[PDB]
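# Coordinate inspection notes
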Amino acid sequence: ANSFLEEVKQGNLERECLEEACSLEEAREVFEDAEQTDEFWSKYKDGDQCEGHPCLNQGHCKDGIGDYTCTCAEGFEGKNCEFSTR
């Protein structure tokens, strides 16, 4: 029966089902969250969260399918931390 899932310890959530192994079979039911199904897939394209990196001045991005965030250094502030104090 099948070949990918089953023999595997179990399905997954995105990477394991986001390759030539799976597309959205079991991983679809392995979510539980309603909003986690939409934005998540619905043409999994989004902005690759951190593609253009929303964080400036060497900030950092956690990124997460759907939306991302940013973290700046101590001497940095502003929405995109685009402002360097010193």
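Residues numbered from 1 in each chain as written, not as in the entry; some residues may be left out. Heavy atoms only, no water. Residues with missing side-chain atoms left out of burial classes, pairs and counts.

If you look the protein up in the PDB entry, it shows as COAGULATION FACTOR X from Bos taurus. This deposition appears in the PDB under the title "COAGULATION FACTOR, NMR, 20 STRUCTURES".

Okay, the UniProt feature "disulfide bond" in the protein next. Look at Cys55 and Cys70: UniProt has them disulfide-bonded, and their sulfurs are 2.0 Å apart, which fits a closed bridge. Placement of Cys55 in the loop between helix 1 (26-29) and strand 1 (76-77) and of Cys70 in the loop between helix 1 and strand 1 is noted, with a sequence separation of 15 residues between them. For the UniProt disulfide pairing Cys72 with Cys81, the two sulfur atoms lie 2.0 Å apart, close enough for the bond to be present in this model. (Disulfide = S-S within 2.5 Å. UniProt positions renumbered as here; feature names shortened; annotations may be inferred. Helix = DSSP H or I, 4+ residues; strand = E, 2+ residues; numbered from the N terminus.)

In terms of domain boundaries, the protein breaks down into domain 1 (1-46) and domain 2 (47-86). Each partner contributes to the interface: domain 1 provides 5 residues, whereas domain 2 provides 5 residues. Within the side of domain 1 that touches domain 2, the residues separate by chemical class into 2 nonpolar, no polar and 3 charged. (Domains from an automatic or database assignment. Contact = heavy atoms within 4.5 Å. Nonpolar A, V, L, I, M, F, W, Y, C, P; charged D, E, K, R; others polar.)

A separate point is the state of the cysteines. Bridging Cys17 to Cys22, the disulfide has an S-S length of 2.0 Å. For the disulfide bridge between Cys17 and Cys22, the dihedral angle about the S-S bond is near 90 degrees, and by the sign convention the bridge is right-handed. There is a disulfide in this structure between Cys72 and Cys81, and the S-S distance comes to 2.0 Å. What links to what in the protein: the bonded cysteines, counted in sequence order, pair as 1-2, 3-5, 4-6, 7-8.

Okay, the environment of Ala21 next. Assignment of secondary structure puts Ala21 in the segment before helix 1. When the C-alpha positions of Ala21 and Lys45 are compared, they lie 19 Å apart, and in sequence the two are 24 residues distant. Excluding its chain neighbours within four sequence positions, the residues that come into contact with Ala21 are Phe4 and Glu16.

Residues other than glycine seldom take positive phi values, yet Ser42 does so here, at roughly 35 degrees. Its place among the elements puts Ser42 in the loop between helix 1 and strand 1. Unlike most non-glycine residues, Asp48 shows phi in positive territory, near 55 degrees. Summarising the element assignment, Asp48 is placed in the loop between helix 1 and strand 1.

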